[PDB]
Each structure stands twice: as C-alpha cells, then as structure tokens.
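Chemist: Take a look at this one; I'll ask things after.
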Ligand SMILES: [Zn+2]
Ligand SMILES: [Zn+2]
Ligand SMILES: [Zn+2]
Ligand SMILES: [Zn+2]
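Rendered as structure tokens:
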C-alpha cells in the first residue's frame, strides 16, 4: 500500500514539478526519487485484472533514467520524461483498479491483488517516500496501532431509515401518539406527534424519546440542532406497521419542550445539552438520545383552542420536532462523506467492470447495508479499498 | 508486555533447566539470556504501587552474573541461581499484579502500571526473547495488526439470561404460546411451547424462532446440536413478565419439526443446517438463528389424543426444544472459557487486594456484565489483563 | 508431511524467537535451520489451488540467507526475517489448504496435492527438523508402525442416534416395554421403560440391555456413570417406529437395579463395574454393554402404590436410566473431540472454497456419517487432513 | 505560536517522510530541521500545567541527533526516529492542550501557558521553519 | 565469505553481473543497498546546449553515496567470516577498516572527481557517445588504492586557462571534422555529378581521414573505408560549396 502510494505520489510530483524551464534544484530530489522508481520497477513483470470485466494486462518496465547535471529543464527533458510518466500512470491506475475490486474475510487489510502483493516485497520498499496524505497517514498509524482518525465533513454515519413508532394506537388510527424519524447520512429528523395534544396526559405533557446508535464512535463532532422537523410538518398518508392499512397525519407544529440531547459513549453521559439550539459540540460519543416534550399551551387564542378539543375527533394533530445535522466529525474508521469521493470511486470501478458480489461487501457496494453491518472485516476491506481509491485519485 | 513476558519466560526456563547435575551445554543459551536480563535490570529502581490493598513495594537490582565454570551444575550453583530467581520472580509477580488491577478508558491496551511503563523503554528491549505463548503471540500479532486467534474450549460468549417471550398470552395464563430460553456460557437451551398444541394453527404448525447475537465473531466452531431442551421439560411455576403473578407450565415434549440452525455473519447466511443433529461446524458467524416448529401429530394414539383437546382447558402443553453447545471455537478477541484461568486469576487478584471499581469493568469483574457490554475499551483492557495473567501464571 | 510440518515449525519458531533485541545466541540454531530451509527451497516452483473456488497460486523461492553478525537482533534483521517468513507462511498455508481439500480412496494417507508430493522428494528432506507435535509424532510413529496414541477430551466416538426399541408393544401403545437411548458424541443416555412396572414379570424384575459398538478401540478411558438419564425422564410424545402414529411416555423414575457396565474387547470382558457410579476406568474396549433392571418396589407407600395398578390402564410408566459420559480417552485413530479444532478447520476450509463432494468423505464432512462408516480409507484420509490442519493451525 | 507550529510541522513531516526504504535525499532537509529542533530543545525543562483536570506534566529533552550517512533509510533509523518523534509529539500535544484551555481579557493574543511563553523566547526561534498553513 | 555464504558459481555471459546476483542473495541492508547502488549507477544521458552528455548520479556528485559504501564495509568489518582462518580474517577486516576510516577523505575525493568531470565536460562540444571500444585503458587497482589512501583535502580544480584551452581544442577538432566532411562530400558529389566514373572515392576518403589528423590511414580496415564512403555519399552538400559547384 505504501509502495503503491509512493508510486502514485512520485508520478504526481513528476507531472507537477518536471516542467519546462524549471531549475534543476527544484526537481533534484524528485528526479532522484523518479530514477529510483524506474530502477526498482525495471526488469519486473506485472499482471493486473482477471476479475469481472477487468481485462488481463501485462506490464514490463525497461525505461531509461533522467539527466542530473543540467541547470534548467528544457522541452527535451520533459518529452523524455512524459512517455515514462504516462506508462507508469497507466500501470498504477490498473493496479489500483485491480486492488479496489477485491475483498477477503480473513485479511481484508492485507493486499489482495497479485501486483500489490508483489509490491509488498522488500526490494520495492526503496520506492517508499513521503506518506503525507490523510489516508496513507492513517494507514501507517493504524498498522502500528496508533490513535489516528479520519476527519469527515457531513459524515455518512446513519443508514437510511424512515420509520415510525406508535406508543398509542388502535385500528382506526384517529387517536395516535408516537414518533416518526428519518435517519439519513449526517441528518436525523425526529418528530413526536400526539393526536389528542396531551389533553389527558399527566401535567398536560407528553414525552418523546429517540435513540440513535452509531455503528462507529464519532469524536470532536460539530452538530447543528434545530427545534423543528420540516420533513414531518405537512399532511401525510402513512402505511400501517404491517402495511394492512393507511392512516392520516395532519401536523400542527408546536415548539418542542424540555429539549435534551445526550451524546453517550458505552452508556455513559459524555455530553448533555438542554434547551440549546444552533451549534453544539459532541466530543466523543456512539449514541444520540433526544428527549423532547409536547406541552399544551395553557393559554390559547380562539383559533388555537378550536384546533385542540377536549375529546375526539382530533382533526389537527400536535407535533414537535428536532433536526440534528453532523456538520463535521472525526472517526477512527473510514466512512463515506459529502466531501470525499472514495466510496464513489470504488463503486464506480466495481460497476464499470461488473465485479461479481463477493463475501464481504453488500451487492452494488450499497452504503446503507454496508454501514448497517459495519463489521471489523468490512472495516478492514473498506479501509483498504478507500486508501487505494485515494491513491488512484491522486492520478485519476 | 513483551519485556515482562520475556522476564517471566527466562525465570521459568531458569527454574526448569537450572537443576543439579545438568550439563552446562543444556543451559548455556539459557544462562546467557539470564545474564543478559541481569545486566539489563541492574542499576534500575522499580516501584509497584499501592492501588487497593496491594503494598507499595520497591525493587532494586544489584545481582551478579550466573557462573559459566561448571561442566555440570552442582548444588551451590543451583542455590545461588535459586536466590536470584526467587527475587526476580517476586518482582515479576508483583509487576503483573500491579498491572492486572489497573484499567484505562482512553488507552486500555497500553501499560497502566509505572513498572511496566518503565519496562517499555528501549533500554529493556535486550531482555526480549522467545515469544511462544498463545497470548503473547496474539499480543504481538495485534500490535502489528495481524489476524489474531484465541482458541477456546467451551467459550463463555453468551451472557447469562433465563427469559421467556409470550407471543400469545392472557391474564389467566392458561392459553400461552411462546418461547423460554437459557443462554449461559457456551450453552443455549431454547423451548417453544404452545398450550393449544397448534390446534388452530394455519396448518397445525406453530413456528418458533430464537435469535442469539454474539458480542464477537466466532470462527472454526464445533457445535453440538441436540433436539430436546432438558431444562424446559418439567413442570414449572414461573413469574409473570411484570412479576405481578405466577403461571403454570406443564410441558409435554414433542419432536422439533423443520429444525433450521442458521449461522449468520453480517446478516448473511454463512452456515445452514436443516434437521441435522450431533456435531456441526460453524466456520465464521456472529449470530445464531434457531427456527423450529411444533407440528401437531396428524395421527395420535388414544392417550396422545387425550393429552391435547380441541379447546381449553389445556392441561398438557406441547413443547419443542433445542440445545446448542459450543464445544470449541476461535475468536479474535479474548474470552473466558472452561479451560483457561485468566478471568479467574484477574478476579482473584482484584478481590484479594480489594481493588476499587474502575471506569471500565463491572464492579465485581462479573463476566455477564463484561460480555453484555463488550466495548472496544473493555476488550483492550481485558486483553491486557489476560496477557499479564498468563505471564503471571507462568511463574505463580 | 514431515517436510511440510518442518516448514511450518521453522516459520513458527522464526516468528516467536526472531524478535527485536533478542540475543543472537537465542536464535543461532534457529537461524541455521531457517537458512537451511531457504537453501533447500531456493530455485523451486510450486503451484497450489485449482480445486473448487481455491485460487491457483504460483510460488517461486529466491531468498537470501541471514548471515549478519550481531549480539542482539535489531530492527533490520527482524524486518528481513519478517518478509521472508511472511512469504513462506503464505506458501505453507496455501499448501495446507490444498492438501486439506483433496481425498483419494486408494493411498489416502499419501500426499494428494502436487505441492506436497513435490515436497515429499528426497531433496527436501534437509528441511526436516524437530517433530514434537502430537499429530506429527503419531504420523511418524505410524509410518514406523509403532503404537500411536491420540488423547481426546470428550471424544466424538458415538454417531448421533436418538432411537428406541419396543420389546413389548401394541397398536394402542398403552402397555409398552422397551428402551430409548441417545448416543451422541461422548455421551450415552439410556432408559428402559415398563408401562406395567413389571407387575407380571418374573420375580417382578424387568431386564434391559444396551450394546454400543465403538467404531474404534478406546484405551485408558475415564468414564462418568450416573444412575439417571435426565433426557428420558419427562413426558414425551414419540413418533411410531414407522411414523404411522404417535405414542405417549409419562416416566416415573425408579433407580436402576443390578447395574452392570461391561467394557468388552473382541467380545471378551475387559472391565466390569457392578452398582458402581461416579468415575470409572475402561482401560481397553471396543464395546459397551449396559445391563440394568427395573425392580418393582416390594414395599410402596400409598402414593407410590397408586401409580402402579395391577392391570391397565397404566398412567405412570416405570423408567430406569443410565448416563455414561467419556470424559477422556486415547485412540489409535484420529477423532473429533470437544477440545481440538481439526475437524472444524477441515470443514471450514472445504465450505469456504465450495469443494465438490469427493469419493471418500460424506457431504459437508458430516461427522455422524463419517464415524458411522469409519472405513480404513476414510480413516487414512481423515488422519492426513487432520495432520495438515494442525500444521496449518501452527501458523494460521 | 510559530515555534509551536514549527515543532508540530517538523514532527508531522518526520512521521510522513521518515519511512523505511526512503532515499535520504527525500529527507535531507527534514533531517537537518529535526536535528536543529533536537539541539534547540535539548537541556530544556518544560511543564504543562494543572489547570482543571489536565494533569501536571514535566518534559525533559535529552535526545541524540538523527543520523546521516544512509543512502536509503532502514528499519533501525526509522525505529529510533519513531521513539524521538513519539516523545516530541506527546510533548507538543500536551502543550497545545494546555494553551487551548487558557484565556485572558487583555493580551489574549499572547501565549497563556508557561510552556508556550518559554517557547516564545529568542533561543527557540531557531526551530522556526515553513509556516504554510 | 563475510556472511558465511557459499562462494558464487558465476557463469560468464549471464545477463546479471555478480553484484546483481549478490544484491538479491544478500539480506543485510547495508551491503545490499550498496550493491543496489553499484548495480544501478550507470551514466545518465542528457542533452545540454545541443551536446549529448554522460552525467553521474547526484549521489556521486555530492559524495553522499560513499557513506553507504562505508556503511556496507563497516558491516563487513563486524562479520564473523565463519570458516576463515582468524589471522587472514583479521587482515581482511583491518584493510576494510583502512578504507572505512577514510570516509571524509573519500567523500571529498568523490566530490572532487565529480566536480572536475563536470567542469571538463562543460568544454566538450561533440556528443559523448558511450560505446564499448575495441581496446581499453588498463587501470591498476593498486593505483586506485593509492588514490584512496593518499588523497588529502587540497581541492584542485581546472584552471580557467586550462578550461579555455580544452574547449578551444575540442572546438577546433569539431570544426575541422565538419569542414573536412564538407570538403569530402563536396568533392564526391562533384565527381558523381561530373560523371567521373573512373574516380576513386577511396583516395578522397583517405585524404579526409588524413586531414582529421588523428588516424594512421594504413591501419583502417577496408570495410570501414567503404562504409565511410557510403555514409559520405548519403550526406547533402554544404550550401556554399554546392553553389560554387552549380
Ligand atoms: Zn398503525
Ligand atoms: Zn405473563
Ligand atoms: Zn471440557
Ligand atoms: Zn410403536
């Protein structure tokens, strides 16, 4: 992995720094590293691609080196370097694609392709140089078992889940009390609804709770908390819990009462925010517990009083909502996010070459299933393929 | 940990090999390693702390080397070696005890005692030699991020739970359909009972399902599956789900029908066994799904027909069972098993010196609580303490 | 097999002993053995796989020797050794997997995979060194035709069979005399039942006998014998012998009378135990004969006399039992047991790679089928695969 | 701040670039900067304070220079560098945490913790190098 | 012998040199890395100001690779030489240390040699074509030992007048070469276009070689003379001479 990353980094630096007219002192170390890469790869035979529609490709290296005494690079030097750079970039891209389409249950962190396995040999270690990318840094630290985390903008930590729970219900679904939520990406929209508007509830308060268990621990997370759930604020016709019938929801939004957000780790209260909206910080947590309340307005104007009678029928249904958005976070494991393209790259490579479904990942590289059952083996394979995808994106 | 294990291993080898009359060629390498340990430890001051009732102990090393002059070891040589080995064994045992009684939520895998933290310095790396124990092997593999394996005979993977679920029930508890199970250690005994004997079932079949989620992934597991659950095959008086009353259970055991034992990983079917009993193999799984059926006997002799009427009262209640014992398995994480004494050693050390409850483990070293909430922090601390316990058991 | 085991043992020793900071005197002989392995394996091409889903893998060996002079091992030495050991361990694991999935009716003890056949050549005999494991030791002894002994904790010697015999029966199944048994793993539960409680039997005694013929001779066996069979002591609805109908069993447990456990070899009584319960020793036997009597109590209290009338109907059926558990034993043939993982390892390797059913073992390596027809060819193939599985377990 | 940032940057560069097998030409200037940092920090005593529950920590620097004279970095070099880098990274993280938890109404742009105030002396200015963040 | 390895049975004509085999067969990092460099330290080709130049690895120019050499041979000084007689082993190790302890002098010597080579190569005007010549310059390894063991720290670089003289001689030789090529081509083309079929181009080629001033024409193989004639025939005539001929 480090050798493949070093190949990609050397090729990127050759594209960027080996330019016409540049001082040789601007590229001396880069030229030395490039010549080391040529020397190491020369005389070695590689084979990539025997899975899905990824065609078999054979790679031989018999390239020449680059000069070392000129004072400024010229067009001849760049032309000499460009063909080698193109061939090496093609080889690296094919190796990355070969490794991205492979998985195993036993050792998903170890290389799977033949080319990357050969590059794991000691002789290729000479190609290794600056490992400065976030993913390669995390790879190296994690191999040593050091505390290292990936930073995500809008981490995709919540598997898709649009569900409801009815604490009070009956066949006609005209007097319901419960919660409906959407868990999607970095977003939780929860809405507790009472059809009776807590007319008979103790102290005219109805309590709603929503617990979301994250499959991985998020640290140093910035959260935007708002007191309404726009998703559950308009009339809806919703299937029954068994799909036998459809019920009606006609929300009227009351502000949530006694809003408490508890970010917990291993069942311990790490962060607690009461009646706080806007930006909050959850430093370390694996569970989010949102507790809110619908309180009857003790004083109602004639229209508000008309909305909520003393008894059935309840035509307007009181609703309180909360919206939670993880703007950024840090996780020790790799996750899909709105800023990176690692999941997109891996999925694209697997789809373009019709890779048969393996024994680790769900078919089609579905992220909802992947994060629903994010096992250690799945974490290993995902980290491997994501690191390879970042390496490839360095050039492609 | 490697240095502490090497100290213990050197001391064990000295105890086993430095015996009266033995050829020096039988101990030459052992004597060299022992003298290397003496040189490395000399001039160093160690302290084992006073956590709990553990006495604060100070250790000074000013020992001379073991001789190399005797063709065969005599009594005087053995006595001098015994003196030095006794001091070193006392030191190592105290260090192991001081490490076992400590835990950390942040870095539970790292050393917690100051003596072991000092032994983790580079100057002590010379002491390190052969690491052939399973626990130290797994420690070193884990440090390098390699596939770890602990082999357990009768692993204690299931937290204790004797519970029941009533799918059909009523206040008088005379027409009950449900399941009662015991999950304890490596054993599961589940029993589905129908009081009506599936008289009104869609096809005279009552389906029972039991899902047991393992807190860790088990691999290469030998499992004995037997039809009957002897634990739920005799009359019982059982508390109600809320403890408000007690109900009567009067099982009559019928052969389980359409037995399907599924061993699932990430929700996917890894192993399936239909109507198979005896020894089976589950190669890799984290969940067990036992599906069975109470099938009304289509033909009944007069007594059997007498047992099961067409309506209430139901005096005899049809019960189908299943017993699932995990004889042996392999887990990437440490676990308590019927063979090893790591949990017993750690618990005994903690109870002897009245160690206050820490922030990681349950307040008795209780295994049910530990395995119920087997968090990564708990796993790290448990691996550390179990490795130290094995190191101590080499000597004590 | 000895060469493959020696490769695995050398690699295990290299992993355990070649560690940073260790004295070179702790590894000198190991380093020489490792260098001999490298020399012998150099310049040889191997191929593994090509069966089932096991991938084809080619192995070429061109490695240098470890000739660096040091007092204590450093990081450079450990890294070089690690690279070589990683390649060799991968090769050995693949060879073991290839050999574990193959079988032959003729010469099933001989190597089946091409890699092991090539490793059986004379030129590789130099790799051979210490053969200390139980399975390789037994392999070598058997090749020499000296007695080989496999020690088993809870040997899996009894194929699963939950059966019954009705010595007296009628279509109504209301006056039955017979025996029902479960012979599973190392456990034999037997229960002789008389519905009439021997009211009309001579001397008011009914005699039951249970003969269990072991497929292989067991020696130095520790047996726990308990008076009662808990498995056959609760109300039960049992299918008819031909499945036409179902009958009812309502045990009342009387202690067995005149209990004689005979352990027989070639039909000759080797061991006899009369009215002895607890721990007993069967030194050499191939058959177990459990003879026990249901004796009608000469004196009964009014509650007891109420259960056993002079004539039908018989509502309570007098049952005597016996439980026989083989805790430990020694067999000249390999067997599955509760402590080892060789059967599990072979089954897992065959299931993971979808090995087609062969001409020797039953589908899925079902242990009940294998031990029910434990033919000499099956025994040879099973010993081969179990030895290979242990060799692999040393590394994987 | 510039000295603390330069310490962190040097350590990050050392962790990223000092890897087994790499050409010394890839790290020559990095090794020079690392040795300059070691020379400047050697013999100095630092203390990260006990504000709140942050533990009081004492830091002593007595480290040998990173070696030259290798064409490609080997495992011994990387191991020694990793030991030194681990200690320095722990020190820098503790200093950053100690500075992050303090504040003053006036002169709040100036360093608050004792460690960073010490690092703001002239003698540590030698550690300062590329400020690109 | 240092690493206790069986002596190499090297086969002549092997595409790998002995050091290339040793690099793979030796596990020690110091010696293996030095062997790798020695294997891959061939000249690099670069065109400067239109002149092809054979340039050295940057590690030779700065002399840093000598450290690696030192590293490698320092390891050789610590080796056991398992079966070697101990006095001969001591002598070999002490010679290895004799070379090792001159690390600074050898780095200085390498830098001086590389700098002198670059400075004098700046004065070369014809392409530095690398060809395995028929005869060689015999270099005594005892002279190499003398240079290694006797070099001090007195930097000696080419004098500016020496550089100018070298450049002038190279320019004069190159210009004379081109002018005599032009004369030969012009005369050959004129003879062909004048239909002088009895003219012998051999005499023209001999005069051309004689005017090159560095050839004893009596020892030029005939096949090479005729190849020279053909190649001269294929060239186009210089503009001034061609206009005069027209
Ligand atoms: Zn509903
Ligand atoms: Zn109940
Ligand atoms: Zn047991
Ligand atoms: Zn029957």
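Protein chains in written order, with the entry's author numbering: chain I, 1 to 396; chain G, 1 to 396; chain H, 1 to 396; chain J, 1 to 133; chain B, 445 to 690. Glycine residues also receive a C-beta, built at the ideal position from the N, C-alpha and C atoms.
Which residues have a Cβ closer than 6 angstroms to any heavy atom of ligand 1, listed in chain order?
Modeler: So the residues near ligand 1 by this Cβ test are I:166, I:169, I:173, I:240, I:241, I:247.
Chemist: So, does the segment 601-621 of chain B touch the segment 629-641 of chain B, judging by three or more C-beta pairs under 8 angstroms?
Modeler: no
Chemist: Please report the straight-line C-alpha distance between residue 155 of chain G and residue 92 of chain J, rounded to a whole angstrom.
Modeler: As a working mapping, residue 155 of chain G is identified with position 155 in the second chain. As a working mapping, residue 92 of chain J is identified with position 92 in the fourth chain. Computed Cα separation, rounded: 44 angstroms.
Chemist: Throw me the rounded Cβ distance for the residue 20 of chain H and residue 74 of chain H pair, which I believe falls under 8 angstroms.
Modeler: On the third chain, residue 20 of chain H is found 20 positions in, with the first residue counted as 1. On the third chain, residue 74 of chain H is found 74 positions in, with the first residue counted as 1. Right, their Cβ atoms sit about 7 angstroms apart.
Chemist: Alpha helix (DSSP H) containing residue 435 of chain G: first to last residue?
Modeler: Past the boundaries of the shown model lies residue 435 of chain G; chain G is included only from 1 to 396, so the question cannot be answered.
Chemist: If we ignore side chains and look at the alpha-carbon of each, how far apart do residue 463 of chain B and residue 473 of chain B end up?
Modeler: On the fifth chain, position 19 is the one that residue 463 of chain B refers to. On the fifth chain, position 29 is the one that residue 473 of chain B refers to. Going from the Cα of residue 463 of chain B to the Cα of residue 473 of chain B covers about 14 angstroms.
Chemist: Any C-beta of chain J within less than 9 angstroms: which residues of the segment 59-93 of chain H qualify?
Modeler: If you check each beta-carbon in the segment 59-93 of chain H against every beta-carbon of chain J, the ones closer than 9 angstroms belong to 74, 75, 76, 77, 78, 79, 80.
Chemist: If I measure Cβ to Cβ from residue 105 of chain I and keep anything under 7 angstroms in the same chain, skipping five residues before and after, which residues do I get?
Modeler: Within the first chain, numbered from 1, the residue matching residue 105 of chain I stands at position 105. Correct list, in chain order: 359, 360, 377.
Chemist: Looking at residue 251 of chain G: is its Cβ nearer than 9 angstroms to the Cβ of residue 235 of chain G?
Modeler: The residue labelled residue 251 of chain G in the question sits at position 251 within the second chain. The residue labelled residue 235 of chain G in the question sits at position 235 within the second chain. Yes. Within cutoff.
Chemist: Where does the unbroken beta strand (DSSP E) through residue 609 of chain B begin, and where does it stop?
Modeler: Taking the first residue of the fifth chain as position 1, residue 609 of chain B is located at position 165. It is not in any beta strand (DSSP E) - residue 609 of chain B instead sits in the alpha helix (DSSP H) that spans 604-637.
Chemist: Cβ closer than 9 angstroms: which chain I residues qualify as neighbours of residue 500 of chain B?
Modeler: As a working note, residue 500 of chain B is residue 56 in the fifth chain. Within 9 angstroms Cβ-Cβ: 68, 69.
Chemist: Measure the alpha-carbon distance for residue 368 of chain H versus residue 110 of chain H and round it to whole angstroms.
Modeler: Translated into the one-based positions of the third chain, residue 368 of chain H becomes position 368. Translated into the one-based positions of the third chain, residue 110 of chain H becomes position 110. Going from the Cα of residue 368 of chain H to the Cα of residue 110 of chain H covers about 25 angstroms.
Chemist: Is the beta carbon of residue 496 of chain B sitting closer than 9 angstroms to the one on residue 573 of chain B?
Modeler: Mapped onto the fifth chain, residue 496 of chain B falls at position 52. Mapped onto the fifth chain, residue 573 of chain B falls at position 129. Going by C-beta atoms, residue 496 of chain B is nearer than 9 angstroms to residue 573 of chain B.
Chemist: Taking a contact to mean a Cβ-Cβ separation below 9 angstroms, would you say residue 44 of chain G touches residue 63 of chain G in this structure?
Modeler: Translated into positions along the second chain, residue 44 of chain G becomes position 44. Translated into positions along the second chain, residue 63 of chain G becomes position 63. Going by C-beta atoms, residue 44 of chain G is not nearer than 9 angstroms to residue 63 of chain G.
Chemist: Chain H beta carbons: is any one of them nearer than 9 angstroms to that of residue 102 of chain G?
Modeler: Along the second chain, read from residue 1 onward, the residue named residue 102 of chain G stands at position 102. No, residue 102 of chain G does not count as interfacial toward chain H.
Chemist: Could you tell me the distance, in whole angstroms, from the CA atom of residue 179 of chain H to the CA atom of residue 165 of chain H?
Modeler: Residue numbering aside, residue 179 of chain H sits at position 179 when the third chain is read from its first letter. Residue numbering aside, residue 165 of chain H sits at position 165 when the third chain is read from its first letter. Cα-Cα distance, rounded: 5 angstroms.
Chemist: What are the boundary residues of the beta strand (DSSP E) that residue 291 of chain G is part of?
Modeler: As a working note, residue 291 of chain G is residue 291 in the second chain. Taken as a continuous stretch (DSSP letters only), the beta strand (DSSP E) holding residue 291 of chain G covers 278-295.
Chemist: Kindly list the residues whose CB is nearer than 6 angstroms to the CB of residue 141 of chain I, restricted to its own chain and excluding five residues on each side of it in sequence; keep chain order.
Modeler: For the purposes of this step, residue 141 of chain I is taken as the residue at position 141 of the first chain. The answer, listed in chain order, is 148.
Chemist: Compute every distance between the C-beta of residue 245 of chain G and the non-hydrogen atoms of ligand 2, then say whether any falls below 8 angstroms.
Modeler: Here residue 245 of chain G corresponds to residue number 245 of the second chain, with the count starting at 1. Because some heavy atom of ligand 2 lies under 8 angstroms away, the Cβ of residue 245 of chain G counts as near it: yes.
Chemist: Got a sec: is the Cβ-Cβ distance from residue 355 of chain I to anything in chain H below 9 angstroms?
Modeler: Residue numbering aside, residue 355 of chain I sits at position 355 when the first chain is read from its first letter. No, its Cβ sits nowhere closer than 9 angstroms to a Cβ of chain H.
Chemist: Please state whether the Cβ-Cβ distance between residue 232 of chain G and residue 184 of chain G is less than 9 angstroms.
Modeler: Your numbering for residue 232 of chain G matches position 232 in the second chain. Your numbering for residue 184 of chain G matches position 184 in the second chain. Their beta carbons are not under 9 angstroms apart, which means residue 232 of chain G does not touch residue 184 of chain G by this criterion.
Chemist: At 4 residues or longer, and completely inside the segment 287-372 of chain H: list those alpha helix (DSSP H) runs for me, N to C.
Modeler: Complete alpha helix (DSSP H) runs here, min 4: 302-307, 342-352, 367-372.
Chemist: Taking residue 188 of chain I as the reference, which of I:199, I:225, I:167, I:253 has the closest Cα?
Modeler: Reading the first chain from its first residue, position 188 is the one you call residue 188 of chain I. With distances taken between Cα atoms, residue 188 of chain I lies closest to I:225.
Chemist: Locate the beta strand (DSSP E) running through residue 192 of chain I, then write down its first and last residues.
Modeler: Along the first chain, read from residue 1 onward, the residue named residue 192 of chain I stands at position 192. Element bounds for residue 192 of chain I: 187-194.
Chemist: Does any CB atom of chain I fall closer than 9 angstroms to the CB of residue 562 of chain B?
Modeler: Your numbering for residue 562 of chain B matches position 118 in the fifth chain. Yes, its Cβ sits closer than 9 angstroms to a Cβ of chain I.
Chemist: Distance check for residue 319 of chain I and residue 209 of chain I, CA to CA, integer angstroms please.
Modeler: Numbered from its first residue, the first chain carries residue 209 of chain I at position 209. Numbered from its first residue, the first chain carries residue 319 of chain I at position 319. If you take the alpha carbons of residue 209 of chain I and residue 319 of chain I, they lie about 13 angstroms apart.
Chemist: Check residue 60 of chain H in the structure and name its three-state DSSP category.
Modeler: By one-based count along the third chain, residue 60 of chain H stands at place 60. Residue 60 of chain H: strand per DSSP, three-state reduction.
Chemist: Of all the CB atoms in chain I, is at least one closer than 9 angstroms to the CB of residue 107 of chain G?
Modeler: Against the second chain, residue 107 of chain G aligns to sequence position 107. It does; some Cβ of chain I falls within 9 angstroms.
Chemist: On a CA-only basis, which of B:668, B:636, B:626, B:617 is nearest residue 680 of chain B? Give me that one, please.
Modeler: Position 236 of the fifth chain holds residue 680 of chain B. With distances taken between CA atoms, residue 680 of chain B lies nearest to B:626 out of B:668, B:636, B:626, B:617.
Chemist: Among J:17, J:22, J:15, J:48, whose alpha-carbon lies nearest the alpha-carbon of residue 101 of chain J?
Modeler: Numbered from 1 along the fourth chain, position 101 holds the residue referred to as residue 101 of chain J. Residue J:48 is the option with its Cα nearest to residue 101 of chain J.
Chemist: Which of the three DSSP states is assigned to residue 268 of chain I in this structure?
Modeler: Within the first chain, the letter at position 268 stands for residue 268 of chain I. In this structure, residue 268 of chain I counts as strand in the three-state DSSP scheme.
Chemist: Is it buried or exposed for residue 427 of chain G, if we count other Cβ within 10 angstroms and need 16 for buried?
Modeler: This structure does not reach residue 427 of chain G, given that chain G is present from 1 up to 396, and the question cannot be answered.
Chemist: Let's test the definition: count the other Cβ atoms within 10 Å of the Cβ of residue 248 of chain G and tell me whether it reaches 16, buried, or not, exposed.
Modeler: Here residue 248 of chain G is taken as the residue at index 248 of the second chain, counted from 1. That one is exposed.
Chemist: Check the C-beta distance from residue 355 of chain G over to residue 108 of chain G and give it rounded, since I have them as a contact under 8 angstroms.
Modeler: Numbered from 1 along the second chain, position 355 holds the residue referred to as residue 355 of chain G. Numbered from 1 along the second chain, position 108 holds the residue referred to as residue 108 of chain G. Rounded, the Cβ-Cβ distance is 15 angstroms, inconsistent with contact.
Chemist: Do residue 37 of chain G and residue 4 of chain G come within 9 angstroms of each other at the CB atom, strictly closer than that value?
Modeler: Counted from its first residue, the second chain places residue 4 of chain G at position 4. Counted from its first residue, the second chain places residue 37 of chain G at position 37. In this structure, residue 37 of chain G does not lie closer than 9 angstroms to residue 4 of chain G by Cβ.
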